[PDB]
Amino acid sequence: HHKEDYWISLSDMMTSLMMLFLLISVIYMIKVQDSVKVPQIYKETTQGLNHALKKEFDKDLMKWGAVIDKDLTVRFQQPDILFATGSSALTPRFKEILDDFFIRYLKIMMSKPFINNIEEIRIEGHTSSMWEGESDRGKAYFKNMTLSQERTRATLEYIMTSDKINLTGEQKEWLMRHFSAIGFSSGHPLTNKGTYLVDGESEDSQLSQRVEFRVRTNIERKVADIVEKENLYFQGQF
Amino acid sequence: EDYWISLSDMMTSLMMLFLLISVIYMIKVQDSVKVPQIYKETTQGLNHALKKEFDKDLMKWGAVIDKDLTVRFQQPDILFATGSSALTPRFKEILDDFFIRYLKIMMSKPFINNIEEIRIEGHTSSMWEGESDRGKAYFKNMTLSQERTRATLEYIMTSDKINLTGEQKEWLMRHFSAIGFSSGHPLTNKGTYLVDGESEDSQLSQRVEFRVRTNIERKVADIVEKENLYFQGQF
Amino acid sequence: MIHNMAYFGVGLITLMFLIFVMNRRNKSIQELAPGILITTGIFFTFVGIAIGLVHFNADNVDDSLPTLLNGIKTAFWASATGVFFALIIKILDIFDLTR
Amino acid sequence: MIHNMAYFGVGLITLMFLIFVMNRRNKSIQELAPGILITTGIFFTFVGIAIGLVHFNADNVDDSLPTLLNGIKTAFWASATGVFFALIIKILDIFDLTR
Amino acid sequence: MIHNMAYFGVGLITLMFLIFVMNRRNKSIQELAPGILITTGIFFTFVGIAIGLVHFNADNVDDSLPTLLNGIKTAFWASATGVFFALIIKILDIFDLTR
Amino acid sequence: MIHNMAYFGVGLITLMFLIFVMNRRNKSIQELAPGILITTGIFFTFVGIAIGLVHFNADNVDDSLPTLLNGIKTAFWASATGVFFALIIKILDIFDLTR
Amino acid sequence: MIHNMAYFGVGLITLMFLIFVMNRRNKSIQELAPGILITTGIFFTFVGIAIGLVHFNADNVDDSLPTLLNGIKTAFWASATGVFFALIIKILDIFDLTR
């Protein structure tokens with residue numbers, strides 16, 4: 001009549017819809033929360049390993065020549081002093097590196113926040129394109145692979161069978177489950193800047209020749225759980 | 001009592017403040033939400049394509065596909081020589097027919113940009129003849145497995161019957177890994193990876209796999225720097 | 001059930017509007033018409049969402065959310081219809097004042 | 001209390017409506033009842049948000065849904081009840097004008 | 001059409017304000033002008049959300065975003081337009097009192 | 001800060017309500033009491049959300065929005081307090097209409 | 001700009017309030033002051049976000065989001081400012097009635 005009281009109902013509708021959209025936002029969090037948790041789980045474990053690697057090895061990179069390259073890898077520069085001349089035999093110099101580096105390296109890997117966040121520790125042996133002998137492109141690629149695979153495996157042979165590097169029973173079995181000796185070749189070269197080739201730069205032929213200790217995070221399994229939980233739930237309603 | 005006219009506008013502003021807030025939250029999590037969808041589309045798409053192309057060849061080759069994007073090859077002593085890395089002619093003719101159609105699926109528009117690594121994995125039984133040491137039964141098995149795994153990779157790109165063009169070879173160099181495994185990662189009688197309370201096998205644990213790794217870790221990673229760049233962009 | 005309530009509510013508001021405009025001469029029924037039309041549409045929006053809320057399963061968030069939004073999206077049409085027809089009544093009241 | 005607030009909100013508005021209809025001949029209590037029945041619904045919407053967010057945890061949003069769903073149920077059931085009974089009084093006002 | 005919905009809401013409230021100011025002397029149209037202008041902004045807020053959620057899917061948020069954002073635009077633009085022009089009428093009310 | 005001002009907002013509304021019922025006979029303070037009581041409650045609710053909005057950012061929405069909801073949980077207690085005491089004033093007006 | 005638009009809106013409301021209290025005696029401008037002060041704050045809240053939503057499209061997400069959040073974080077400070085000064089005007093009207 002004289003006073004229009006439908007504004008009271010309009011305020012009632014606006015207030016109720018105000019929390020309905022607040023409810024919808026809350027419901028949307030629950031609907032997609034495992035998917036949202038994957039990037040932060042990856043974010044915390046990669047920087048956690050990166051911070052732990054820095055917290056443990058900054059004072060020792062100069063002596064070893066290694067560098068952490070923000071990819072959870074410990075890239076050891078200057079080969080031909082870590083391995084024999086054209087052979088997989090380990091030189092003495094790399095042994096004291098292996099005795100010192102690995103014992104305090106596995107502790108970070110075999111730690112409560114990191115033991116269940118790792119699928120693979122990749123020992124990778126990379127080789128420059130120029131073979132010592134023939135200049136072929138295909139048969140020399142697989143000649144490097146034979147050498148690099150043995151050089152990487154010889155590193156893995158001494159990494160837990162060494163008397164100084166005393167691995168326990170519960171620690172060795174973690175290596176056979178989480179460690180891979182991958183012998184790469186010219187297929188993964190490093191340019192003069194120190195990064196992987198993207199625009200077709202010139203390989204340094206010395207930075208490419210390297211041995212790396214790369215860590216792989218189990219973030220693919222977390223994404224698989226989201227897919228698996230949806231597939232099992234979808235099949236449940238059939 | 002005309003204050004309700006102004007109040008209804010305040011609650012209207014409060015209504016759509018939380019509507020935008022819900023929308024803003026929805027927008028900013030779309031990249032995270034799409035990651036399981038990208039993984040589901042690529043993994044099932046690869047598995048369906050692998051099943052479509054090769055289901056008629058699993059029984060003759062002895063291969064098995066187990067929804068893990070891998071082509072697991074059973075029945076040793078015909079793939080390689082007895083205790084040697086030399087490739088037998090039986091597996092050479094298998095690789096000729098299998099790989100050309102295998103690489104076609106791998107070098108495809110929906111999959112070439114969604115693949116990070118294709119792993120050739122050589123697995124060997126836990127027992128080595130002439131040795132009775134657990135530590136020594138893992139490395140000389142790895143020496144043989146690494147050479148056998150490399151032998152398959154060497155044969156693929158250095159053959160005369162596989163139509164590997166000059167441009168496809170670089171793709172194998174940047175993706176194919178000859179990862180020679182060892183007595184680790186055994187298989188039980190059901191073909192499943194061993195658990196704390198199960199045993200292993202000998203003729204089933206000795207295998208050669210062609211496993212595909214999708215680049216979902218990079219897609220998960222690319223969110224991290226994008227979030228960091230967005231956070232750093234406000235400073 | 002929710003969709004039928006929204007269609008019934010929208011159809012009801014139009015029916016009262018036709019009743020409100022076919023008289024158009026009471027000068028006291030028309031004065032209360034904007035309030036009744038908007039309140040009726042607000043009522044059906046309240047009921048439509050409320051019926052969608054009781055069917056929402058807090059345990060199964062993944063499938064309840066599409067069902068909740070399906071009934072929510074059709075509930076706003078009742079409130080919009082009530083305000084639209086009440087605006088016409090007030091627009092017609094303005095047109096009478098210009099004479 | 002907490003999970004009985006939706007029924008208390010509905011029941012209170014029905015009780016006030018029953019008071020309004022037994023005072024129908026006053027015609028001064030009327031024309032104020034629709035504005036008060038809806039206002040009580042507005043009161044229970046604010047209570048719904050207040051009790052729906054009182055136990056909200058930022059760390060655990062999954063467990064806060066049942067408590068927040070209680071508030072939305074209280075807000076929508078009581079607001080619909082107040083709007084519905086305000087409609088009835090408005091409709092009864094039409095009957096007086098037409099009779 | 002759907003994409004040109006925010007401008008239709010702004011254009012209609014702007015048009016009614018122009019009608020509200022061509023009279024400027026009835027003093028009964030002007031007393032109803034702020035309520036009608038604000039109600040239309042509420043009307044376009046209701047129908048704007050209605051078209052925003054008409055094609056909204058909780059799974060495919062990306063494909064439901066262009067329509068949802070457009071519905072938010074027409075809700076905010078019309079609410080801003082309705083309040084702004086209702087405020088101009090209110091401001092003009094003082095200017096009559098001062099002189 | 002939002003939690004502390006919730007008690008001040010609620011505590012103030014009770015104080016103004018007491019001042020409103022100390023007079024209870026002016027008939028001009030009492031007619032404006034429900035409007036001021038509700039407006040004060042909405043004011044403190046808006047400040048509580050405004051304070052919680054300055055800490056809201058889109059850099060990390062997966063924890064900023066849960067932080068926003070955890071900060072504005074007590075903002076609606078003043079709104080509920082304002083409407084509740086305004087209802088009492090309105091109800092007391094009805095009680096005086098029965099005599 | 002939206003920070004300055006909100007600051008202008010907040011600054012303008014304090015400017016009209018000063019004009020509204022330096023008179024304090026007209027009693028016809030004063031009764032319209034609380035409505036206009038709230039309406040001005042409502043307008044600046046709406047236009048602050050509406051301006052930020054002009055260039056906010058589905059493709060301009062990484063670009064227009066920073067300027068949309070700036071409007072969101074400051075829009076409701078003008079609405080609270082207008083109600084705060086409108087409440088003072090209404091409260092100052094109570095103190096006149098007690099004498």
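Letters A, B, ... are given to chains in the order of the sequence lines, protein chains preceding strands, and every chain is numbered from 1. Side-chain atoms are counted along with the backbone in the values below, which use heavy atoms only and exclude waters and symmetry mates.
Residues B:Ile115 and B:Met106 meet the side-chain proximity criterion, which asks for heavy atoms closer than 4.5 Å. Looking at B:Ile179 and B:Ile120, their side chains never come closer than 4.5 Å, going by heavy atoms from C-beta outward. At least one side-chain heavy atom of B:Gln168 sits less than 4.5 Å from a side-chain heavy atom of B:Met107. The shortest distance between side-chain heavy atoms of A:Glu44 and A:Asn117 falls below 4.5 Å. Side-chain contact between A:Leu207 and A:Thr191: absent, with no pair of heavy atoms (C-beta onward) separated by less than 4.5 Å. Residues A:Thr46 and B:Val224 are not in side-chain contact: their nearest non-hydrogen atoms beyond the backbone lie 4.5 Å or more apart. With contacts defined as side-chain heavy-atom distances shorter than 4.5 Å, the pair C:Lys73/C:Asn70 qualifies. Taking the side chain as every heavy atom from C-beta outward, E:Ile2 and E:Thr67 never approach each other to under 4.5 Å.
With sequence neighbours excluded, no residue forms a side chain to side chain donor-acceptor pair (under 3.5 Å) with A:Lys54. Here A:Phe57 pairs with A:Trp64, A:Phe101 under the ring-ring contact (aromatic ring centres under 6.0 Å, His included) rule; sequence neighbours left out.
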Exercise. Would F:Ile51 and G:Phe76 satisfy side chain to side chain contact (heavy atoms under 4.5 Å, CB included), going step by step from the backbone distance to the final call?
Worked result: CA-CA 9 Å; F:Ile51 292 177; G:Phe76 283 65; over 6 Å; no
Problem set entry | Trace of the salt bridge (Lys or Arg N to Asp or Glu O under 4.0 Å) decision for A:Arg210 with A:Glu212 | CA-CA 7 Å; A:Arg210 66 215 188 267; A:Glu212 317 196 5; 2.5 Å; yes
For this session: Evaluate the criterion side chain to side chain contact (heavy atoms under 4.5 Å, CB included) for residue pair B:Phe111 and B:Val212; output intermediate values, then yes/no.
Result: CA-CA 11 Å; B:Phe111 300 139; B:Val212 183; over 6 Å; no
Exercise. How far apart are the C-alpha atoms of B:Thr70 and B:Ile65, what are their side-chain angles, what is the distance that settles it, and do they pass the side chain to side chain contact (heavy atoms under 4.5 Å, CB included) test?
Worked result: CA-CA 6 Å; B:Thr70 177; B:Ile65 306 173; over 6 Å; no
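Distance alone, capped at 3.5 Å, places no donor-acceptor pair between the A:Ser35 side chain and the A:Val32 backbone. In terms of modelled atom types and a separation under 3.5 Å, the side chain of B:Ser22 and the main chain of B:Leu19 share a donor-acceptor contact. Without hydrogens or angle criteria, A:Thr45 side chain to A:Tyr42 main chain gives no donor-acceptor distance under 3.5 Å. Side-chain atoms of G:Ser79 do not come within 3.5 Å of backbone N or O of G:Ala75 as any donor-acceptor pair.
Between A:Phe21 and B:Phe18, the distance from one ring center to the other does not fall under 6.0 angstrom. Aromatic pair E:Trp77/G:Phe46: centroids not less than 6.0 angstrom apart.
Nearest heavy-atom pair, A:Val38 versus A:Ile219, reported as atom, atom and distance to 0.1 Å: O-CD1, 3.4 Å. Pairing each heavy atom of B:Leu14 with each of A:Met18, the nearest pair is O-CG, 3.2 Å. Here the closest non-hydrogen pair linking D:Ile72 and A:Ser16 is CD1-O, 4.2 Å.
Checked for salt-bridge contact, A:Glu120 and B:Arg119 meet the test: a charged N lies under 4.0 Å from a carboxylate O.
The aromatic rings of A:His188 and A:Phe184 sit perpendicular to each other, their planes meeting at more than 60°, with 30° as the lower class boundary.
Using modelled atom types and a 3.5 Å distance limit, the side chains of B:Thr12 and E:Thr45 yield no donor-acceptor pair. Checking B:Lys34 against B:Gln30 by side-chain atom types alone, no donor-acceptor pair falls below 3.5 Å.
The one candidate from B:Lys219, B:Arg218, B:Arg213, B:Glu217 that meets the side-chain hydrogen bond (donor to acceptor under 3.5 Å, both in side chains) condition with B:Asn215 is B:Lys219.
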Can you give each donor-acceptor pair under 3.5 Å made by side-chain atoms of residues 52-63 of chain D, sequence neighbours left out, with the distance rounded to 0.1 Å?
from	atom 1	to	atom 2	distance (Å)
D:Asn60	ND2	D:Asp63	OD2	2.4

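Enclosure of atom CD in B:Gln232 is not indicated, since only 12 or fewer non-hydrogen atoms of other residues, nucleotides or ligands lie within 6.0 angstrom.
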